[PDB]
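One chain follows as structure tokens, the form deposited in one PDB entry.
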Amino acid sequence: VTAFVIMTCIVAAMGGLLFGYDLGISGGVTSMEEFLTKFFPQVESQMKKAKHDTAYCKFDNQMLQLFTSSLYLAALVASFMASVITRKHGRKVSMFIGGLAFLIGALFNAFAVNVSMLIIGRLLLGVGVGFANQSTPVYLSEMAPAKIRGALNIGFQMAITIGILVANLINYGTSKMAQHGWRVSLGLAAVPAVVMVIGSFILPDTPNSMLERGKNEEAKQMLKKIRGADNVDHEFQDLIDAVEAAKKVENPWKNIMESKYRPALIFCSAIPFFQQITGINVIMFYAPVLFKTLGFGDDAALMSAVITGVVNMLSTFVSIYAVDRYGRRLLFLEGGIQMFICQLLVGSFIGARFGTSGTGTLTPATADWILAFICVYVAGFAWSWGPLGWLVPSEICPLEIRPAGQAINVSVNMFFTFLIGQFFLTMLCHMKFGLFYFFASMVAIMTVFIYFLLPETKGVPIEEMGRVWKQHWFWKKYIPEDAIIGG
């Protein structure tokens, strides 16, 4: 491990900020009266008569769901495009496109003068997210020394949570603007894109992609540079071995369903789905809706998005320290147990305080204990399914289908991000605390799934990952002998 490989992965992980900024900023902007009046005067015309509501709760009308989904549709579709680009031209090439498309969408939003620029900036933001999220995890996983691959991979997620936090702070400040606050909120999304774009000019590409697309001596020089050694023959042989197999495959989507890829295929699909049916993107807004409904500051709701975002970042550090010293399984099991227990605690706490005879017992101290319970649940997510949701699919895919496997990860995730968060929109807004129990069972299901089916992937060089599957009960019947590289 060199100072060069470290700085390279830090600079590449900054692509998480794009997704993170957008996740953090859109809740505040949508509550801004000046922004609603411009683009959705029908929402404003009933926010005017609500006072105790949250505006994004009325994005339940058919045309409003269209506008919301368009970003996830664009990202879902970009991510497949980026599978092809990333393999054909290299990982740093999809990262460039991700930033540049995100930049273009940011200025379109910040300078929108009607609802068609907003759509167009929203389509573009999602293209940015499909490319950034499809290729940055691949880049990190392949560039990092195997010893610390998980730590340097999670920096992508660390960046996502920094994006979430920073956006929430921005919204808090621009919300106290006489005019154009929403333009600042959307417009500052352009700083991370410029950073990502400029960065992509300076990053090297992975020797894995370099060797796979013909640049041989260039691949070994880059391996010797990031590893800092001259005797890279050993792991360069793993690369030679894998490119030998991978260069027999063109159109990885043709062979994706072959038996030797079944483990990676299953997990590239279930891990994104599970990450969302956790309910993280429903539960993260229970407290601000609740706070606003029951009186309490408009500020108070935004203040609790900051507190959660401070907890959501920072918790990330736990996964970063633990993931390579003790593994992925530990974080998956502990994180799920913790998340399971907070969901039962908060579901029943609400169900008690506001349910015996009648309904309606507003309380400050009761509101803070629900936020503490959610924060511990968000912490358990933040060092399990959060980061592990962008680490594990990237590190279980043989070279020829790695980019395609990351695209399955992004597309399934965006599809379910939108689907779960829109389906649960009504219950979240009408304070149906039964959702915490439902999300409890899913966390139970997914924790059991993980326990039995996911082998430990820590410490293994990326191209040797088939030995791990072969040494797992159950999955071992899928992996042919010729798929085990380096031992």
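In this text, rigid core is short for the largest set of C-alphas that superpose within 1.5 Å between two forms. When you see a residue number, it is the position in the sequence shown, counting from 1.
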| item | value |
| --- | --- |
| Higher-scoring stretch by recorded Cα B factor average, 118-126 or 220-228 | 220-228 |
| Of 40-48 and 65-73, the one with larger mean CA B-factor | 40-48 |
| Given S315, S384, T308, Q179, the residue at which the Cα B factor reaches its maximum | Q179 |
| From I277, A246, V93, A301, residue of greatest CA B-factor | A246 |
| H234 by Cα B-factor - lowest, middle or highest third of the modelled chain | highest |
| B-factor third for the C-alpha atom of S185 within its chain | middle |
| Chain third (lowest, middle, highest) by recorded CA B-factor, residue given as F19 | lowest |
| CA B-factor placement of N171, once the chain's modelled residues are sorted into thirds | middle |
| Where the record places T457 (Cα B-factor, split into thirds across the chain) | middle |
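Below, we turn to the form deposited in another entry, even though it does not appear here.
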| property | result |
| --- | --- |
| 2 Å-or-more CA mover between the shown form and the other one, where superposition uses the core and the choices are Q179, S259, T356, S116 | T356 |
| In the other entry, shift in Cα separation for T359 relative to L425, 3 Å or more | farther |
